[PDB]
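Only one chain comes next, encoded as structure tokens, the form deposited in one PDB entry.
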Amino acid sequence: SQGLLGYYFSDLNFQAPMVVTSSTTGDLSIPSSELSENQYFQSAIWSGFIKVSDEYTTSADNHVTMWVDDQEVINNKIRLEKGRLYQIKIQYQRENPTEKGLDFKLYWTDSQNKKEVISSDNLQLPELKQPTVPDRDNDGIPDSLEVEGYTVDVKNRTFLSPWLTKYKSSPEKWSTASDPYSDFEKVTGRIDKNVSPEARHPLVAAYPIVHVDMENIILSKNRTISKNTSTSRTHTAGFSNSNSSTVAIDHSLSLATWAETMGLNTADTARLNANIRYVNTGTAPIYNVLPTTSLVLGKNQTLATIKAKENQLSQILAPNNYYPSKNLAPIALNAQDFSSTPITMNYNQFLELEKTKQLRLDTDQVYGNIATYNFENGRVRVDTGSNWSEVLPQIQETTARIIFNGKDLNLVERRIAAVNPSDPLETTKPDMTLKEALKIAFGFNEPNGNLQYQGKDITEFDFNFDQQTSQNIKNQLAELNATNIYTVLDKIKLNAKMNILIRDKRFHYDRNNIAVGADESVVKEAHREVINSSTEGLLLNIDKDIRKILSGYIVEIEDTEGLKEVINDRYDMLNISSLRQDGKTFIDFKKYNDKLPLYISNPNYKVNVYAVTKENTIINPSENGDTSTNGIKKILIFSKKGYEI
């Protein structure tokens, strides 16, 4: 991944760089084919090192001053030894080249006086870590290019040129998002290949975000209860950077009371096992420390602490991915391990669990070491000297945060480099607009002068901010004499430490910003695409996001005077839908009608089907032990007479 590093300028004295690139060999040529009026380079500087056992003494020695260890070897047989790096610099100046590009080449000849063009094994890049071109942060991109904007073009080799994507970045910041990958590393691909594509932008932060997903649970007498669980990463807008997920435990029967199923009394004790995976929804991988997690009952009753053995991960935990991989078994809290700590609950705790059917997983931000690029060997490797713990707070202090749920209504967080007005040193950080932030961090695009996220217009999402950011953005709107944020997205300026929360408008949200319902019109409309209906059930085509907010359905026969009979008349029997492989929903009438189709004794009778949303879900008998669906808030989504079915 190596060779030297060249700057090619159109002016005579190195002030207006037009191409920045790296050659694998001593062939420092740029062919005009890889380039407009600006293709005549009047100067050029190359930097790097050379490696080797011998004495040794380019194509334009009358235009080239050169040094090997600030020791001019051109403008002379010098000695060099096996296993040592000699710093190299070459400068070049021709006024008025008649040709475009540069056919330039550097050679040495040995002691068997045999010449050669310097192999790709004797040339190394400068150490671009945190006769001179101005590069204050030593990332490799000249200050002028960072500020004015540049693009990168891939021929064969990356070519960096003044403004494909228009980049800008800070000439004062090795990594403009204060993360562990440099601006130059990101845009030339000298970076860990597991970093998310959008975090190869210098203004989008690369960092892990980890939470724990519980898939299922099993409670038992210390007679058992096994249930599936749904977990969501949460957010409560806030300014906290903690990781947390909430688990909802299936309250519906999976075989013909939790307290009645388990013979608990008072002095009894219950044990808990579960299956989990770690989930990385950030933009950078983790390699050798999984974070530690408290499993919490109620507000702050820690039932367990979940840990994985440091330095013995069986893999990467990559962005947009799971550990273990989904193709592998999940992690058991007490694995098939003598000395797994038992997870225990007293009677009171057990009833509290049954009351709420909820747990919380609080995960710390301890992510361990970083795989950084090494310029000495052009490889990416875990760097024991580099730790995420030192990086995360710098990222958090210099970026605006956008949390967005456009992807399956799951909360996804990105951080974007943005100016801090009070910081005297960030006169140099690129201005970041809200609109550009959504495009680069989340992939919004604008086909027809309308900002969209995968088919959904931006106005289908609501904008919410923390208190400081609200005041800031309100002030901006008035300054713009704008009334409406959607119309001035391109002019809203983002600052460091802003928090912005963007949520699909069709839904209702709990205080964790999980989608837990939708207004009745939304719900009814999502159920109008009926494919088939019969006395055995309904086949519908229902939007994925809609299904996510539904806990179940209630089926009901209504006679001609409107007397109603609820077929699945228990709060724990609403789980009669399933999602077929063609993506359609089947609502099964037989499942709790003793496996029989409905019996409609009169064709004029109605079959009504109601959806129940998450937030309206009853998860226990009432105070007096009522287990019926009486009282449950439900939404009519199908109603037809016997003779229409």
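A residue's number is simply how far along the shown sequence it sits, counting from 1. Here, rigid core means the biggest group of C-alpha atoms that superpose within 1.5 Å across both forms.
Just so it is clear, the following notes concern the form deposited in another entry, a form of the same protein that is not shown.
- Annotation: the position in 262, 316, 366, 308 displaced by at least 2 Å at CA between this form and the one not shown, with the core superposed, corresponds to 262.
- In a rigid-core overlay of the protein, residue 531 has its C-alpha displaced by under 2 Å between this form and the one not shown.
- The rigid-core alignment places the CA of residue 425 2 Å or more apart between this form and the one not shown.
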